[PDB]
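Quick notes on the structure that follows.
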Amino acid sequence: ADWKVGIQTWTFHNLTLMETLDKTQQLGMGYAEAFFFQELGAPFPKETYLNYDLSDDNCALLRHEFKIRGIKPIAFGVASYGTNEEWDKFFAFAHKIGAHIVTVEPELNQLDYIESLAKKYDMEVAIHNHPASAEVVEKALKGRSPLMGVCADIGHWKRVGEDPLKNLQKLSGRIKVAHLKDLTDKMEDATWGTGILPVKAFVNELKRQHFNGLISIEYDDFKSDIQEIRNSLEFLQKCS
Amino acid sequence: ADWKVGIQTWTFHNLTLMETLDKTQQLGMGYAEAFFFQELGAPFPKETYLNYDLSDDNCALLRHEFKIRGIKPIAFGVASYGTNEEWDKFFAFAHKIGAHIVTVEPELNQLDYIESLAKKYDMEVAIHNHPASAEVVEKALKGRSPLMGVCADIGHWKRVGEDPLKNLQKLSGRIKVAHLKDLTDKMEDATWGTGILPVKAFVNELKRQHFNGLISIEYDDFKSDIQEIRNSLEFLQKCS
Amino acid sequence: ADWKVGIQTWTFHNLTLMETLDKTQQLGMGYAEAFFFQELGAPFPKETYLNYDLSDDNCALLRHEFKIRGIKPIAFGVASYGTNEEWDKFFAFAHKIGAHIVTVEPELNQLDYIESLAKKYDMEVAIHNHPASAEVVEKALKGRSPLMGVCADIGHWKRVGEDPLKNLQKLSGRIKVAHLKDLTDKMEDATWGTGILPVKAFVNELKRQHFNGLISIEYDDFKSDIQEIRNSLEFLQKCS
């Protein structure tokens with residue numbers, strides 16, 4: 001309803017992408033943010049990896065493989081390329097596979113060129129700065145197309161006065177993607193700052209800020225299991 | 001004797017608190033620093049988690065469950081609340097369960113209110129700053145009640161000139177809790193700075209600084225086992 | 001041929017050093033950078049650990065144990081000692097075991113003394129600064145013996161404008177060791193910045209900069225297996 005909940009395929013980077021999508025089905029999510037150079041896996045032939053050089057046949061097969069699992073290949077990233085050729089090929093590929101967003105970590109001088117590509121392919125762009133910070137992204141984005149947005153990192157939720165969502169300030173509306181790293185059961189943490197379940201408080205804040213972008217989750221798949229993460233996904237999804 | 005050695009229950013956050021306390025028994029420790037929102041586990045009913053809203057009956061049961069295992073619920077934290085109501089409820093709960101310390105990560109404007117609660121409940125407070133640093137805590141604490149102290153993080157022990165214990169400076173005496181994160185066998189590390197076993201050198205420094213607070217240990221329970229950690233606990237405990 | 005590829009024994013710090021060397025054989029590497037206080041393991045007696053106090057007999061046995069596995073004990077580190085006695089003993093030990101390099105994290109005032117030891121034992125020194133940065137190492141090293149070099153950390157390869165190799169600048173030639181932390185399959189990462197396999201691009205850059213030092217790799221042995229790492233080692237080694 002309000003926002004989308006997807007998985008960062010990096011979560012399962014030790015698996016093939018097809019296996020990752022099978023896990024995504026077991027988690028009960030309908031969206032993915034895929035990182036490049038993951039082995040695709042059957043039905044793709046061995047040693048074929050995710051990259052913008054995939055043949056038209058393999059691009060069509062990749063689209064089909066997402067579709068039959070009920071998962072949209074909504075995003076690719078994080079891309080941090082150094083040449084215009086790479087950016088061009090990356091945006092063309094994203095468009096060809098049918099992504100609606102790309103997450104990117106560019107230099108400031110690359111933004112002009114990247115914006116032209118966003119327009120050319122009707123691709124939304126969520127900029128991730130290098131992990132002074134909040135001021136630069138707002139200053140850089142001011143006056144640029146609405147396609148040019150922000151990939152916001154949700155750090156360690158929640159600590160008093162370090163609320164990543166409350167930093168949205170003047171660009172709350174340009175926030176297109178939220179990265180949840182190391183998602184835990186009910187967003188529990190060694191440090192907490194909420195009277196209610198942290199994941200409930202998190203969802204409430206997203207509602208209050210009318211976030212309608214993509215919540216892209218990552219977790220440590222060696223330290224957590226599908227059942228544990230499904231506890232958190234419950235609140236992240238059933239609100240929407 | 002000199003100091004206390006306890007566990008951070010975050011170590012086993014993938015388990016229930018009762019299971020965590022069973023592990024704490026196998027480790028041979030008599031103290032715990034508990035984080036909120038962990039499932040309690042039997043004898044508590046399913047879906048009951050650690051938080052300051054526990055009924056008087058459940059508070060009494062929690063006290064009993066610690067006591068029969070020979071473990072004191074000495075600390076709760078790290079709390080980083082944003083409202084006075086939350087702080088009030090947290091300190092009341094700590095007192096009700098019989099904690100002697102709480103670890104906290106507040107803003108500077110909250111210290112006055114937090115100090116009033118420390119006095120009101122005779123609760124000691126170990127302040128953890130956001131992970132300029134050493135100066136602020138000393139300046140903030142100067143002239144405040146002896147209950148207002150510091151939760152010191154022991155980073156990567158030991159590197160020349162970056163000794164966290166030697167930073168104690170003028171507030172060595174206000175150091176109430178030391179957090180050991182990612183405890184390894186004999187405190188071995190990829191970088192070392194001692195001629196003797198690092199854990200032996202660490203213990204010696206604690207003796208030299210007359211540390212008599214709580215050493216609160218955390219480790220990666222997926223990368224280490226009880227036997228390995230018991231090697232380090234040996235020196236941390238048998239000195240005292 | 002061009003450079004050496006070795007393992008950081010920290011990778012397997014949960015094992016004995018002998019077991020670590022067995023794993024190093026299974027990986028197919030001929031060099032090691034060993035951290036101190038690891039249990040040695042059979043044929044050494046129980047509770048004997050790696051440190052500069054090993055008897056001449058045990059030093060000779062350690063040399064033999066490396067040799068029969070086809071692995072050179074090329075480096076020890078990272079050492080971050082606080083006294084001259086410790087440094088002296090560490091360099092003497094490195095020489096006695098037949099290391100050609102030591103990785104170290106000293107204060108600036110210790111460099112003079114450390115350089116004297118490097119000369120005295122013909123030991124190369126790779127300085128690792130505390131993890132303003134690039135300027136200090138160049139300024140500190142200027143005019144010092146060619147034995148005094150740099151241990152460079154390869155962070156998260158590869159992001160545009162944050163290329164650790166391109167920072168080599170004026171001291172490319174004093175770079176003696178490159179630390180690869182958390183090595184992944186084909187150096188894949190959640191953020192990428194290359195059109196080709198990241199490990200291929202990495203190797204190409206090392207060739208272009210004529211790096212001929214030691215690539216010292218570490219990985220998470222709980223999250224990766226020998227087969228996965230052998231995929232990356234393939235390109236790191238077969239280029240040379």
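Labels used: A, B, ... for chains in the order of the structure tokens, numbers from 1 for residues in each chain, and numbers from 1 for ligands as shown.
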Where does chain A meet chain B within 6 Å, residue by residue, with the nearest atom pair and distance in Å to one decimal for each, counting only C-alpha atoms, listed by chain and rising number, as a Markdown table?
| residue | atom | partner | partner_atom | distance |
| --- | --- | --- | --- | --- |
| A:159 | CA | B:80 | CA | 5.1 |
| A:160 | CA | B:82 | CA | 5.2 |
| A:190 | CA | B:35 | CA | 5.8 |
| A:191 | CA | B:78 | CA | 4.5 |
| A:192 | CA | B:79 | CA | 5.4 |
| A:193 | CA | B:81 | CA | 4.1 |
Once DSSP has gone over the backbone, tell me which residues of segment 43-186 of chain A are in alpha helix (DSSP H), as a VMD selection string. chain A and resid 56 to 67 84 to 97 111 to 121 133 to 141
Save out the residues we just selected, C-alpha atoms, as a short mmCIF file (atom, residue, chain, number, x, y, z; two decimals), in the first residue's frame.
data_model
loop_
_atom_site.label_atom_id
_atom_site.label_comp_id
_atom_site.auth_asym_id
_atom_site.auth_seq_id
_atom_site.Cartn_x
_atom_site.Cartn_y
_atom_site.Cartn_z
CA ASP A 56 18.98 -10.17 -25.06
CA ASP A 57 18.04 -13.85 -24.68
CA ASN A 58 19.48 -13.95 -21.15
CA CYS A 59 17.82 -10.61 -20.32
CA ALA A 60 14.47 -12.06 -21.41
CA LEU A 61 15.12 -15.21 -19.38
CA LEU A 62 16.05 -13.12 -16.33
CA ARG A 63 12.78 -11.17 -16.62
CA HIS A 64 10.84 -14.44 -16.89
CA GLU A 65 12.60 -15.94 -13.84
CA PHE A 66 11.65 -12.94 -11.68
CA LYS A 67 8.08 -12.92 -13.00
CA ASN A 84 30.39 7.35 -18.78
CA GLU A 85 30.37 4.16 -20.86
CA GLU A 86 29.77 2.07 -17.73
CA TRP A 87 26.95 4.33 -16.52
CA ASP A 88 25.33 4.24 -19.95
CA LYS A 89 25.48 0.43 -20.14
CA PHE A 90 24.19 0.11 -16.55
CA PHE A 91 21.13 2.33 -17.15
CA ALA A 92 20.40 0.59 -20.47
CA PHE A 93 20.53 -2.78 -18.70
CA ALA A 94 18.33 -1.65 -15.80
CA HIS A 95 15.76 -0.44 -18.34
CA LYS A 96 16.01 -3.63 -20.39
CA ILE A 97 15.35 -5.82 -17.32
CA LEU A 111 25.54 13.84 -11.45
CA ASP A 112 24.83 15.88 -14.60
CA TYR A 113 25.59 12.90 -16.85
CA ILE A 114 23.69 10.50 -14.57
CA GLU A 115 20.64 12.81 -14.59
CA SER A 116 20.63 12.77 -18.42
CA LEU A 117 20.53 8.96 -18.31
CA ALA A 118 17.73 8.98 -15.71
CA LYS A 119 15.68 11.17 -18.07
CA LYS A 120 16.63 9.17 -21.18
CA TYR A 121 15.50 5.87 -19.60
CA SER A 133 26.78 14.81 4.74
CA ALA A 134 23.13 15.95 4.84
CA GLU A 135 23.95 19.39 3.39
CA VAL A 136 25.76 18.14 0.27
CA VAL A 137 22.99 15.80 -0.97
CA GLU A 138 20.35 18.54 -0.56
CA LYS A 139 22.58 21.13 -2.23
CA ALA A 140 23.51 18.73 -5.05
CA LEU A 141 19.91 17.65 -5.72
#
I'd like to know which residues of segment 31-226 of chain A are strand (DSSP E or B) (by DSSP, run on the backbone); could you write them as a ChimeraX atom specification? /A:31-34,39,49,72-79,101-104,124-127,148-154,175-180,192,214-217
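Look at residue 218 of chain A: the protein and nucleic acid residues within 7 Å of it, using only C-alpha atoms and passing over chain neighbours fewer than 5 places away, are residues 7, 8, 11, 180, 181, 182 and 183 of chain A.
Near residue 101 of chain B, within 6 Å and counting only C-alpha atoms, sit residues 75, 123, 124 and 125 of chain B; same-chain residues fewer than 4 positions away were not included.
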Could you write those residues out with C-alpha atoms, as a CSV table (one decimal), in the first residue's frame?
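part.csv was written with the following content:
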chain,number,residue,atom,x,y,z
B,75,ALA,CA,22.5,-3.9,34.6
B,123,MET,CA,20.5,3.7,40.5
B,124,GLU,CA,24.0,4.0,39.1
B,125,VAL,CA,24.3,5.3,35.6
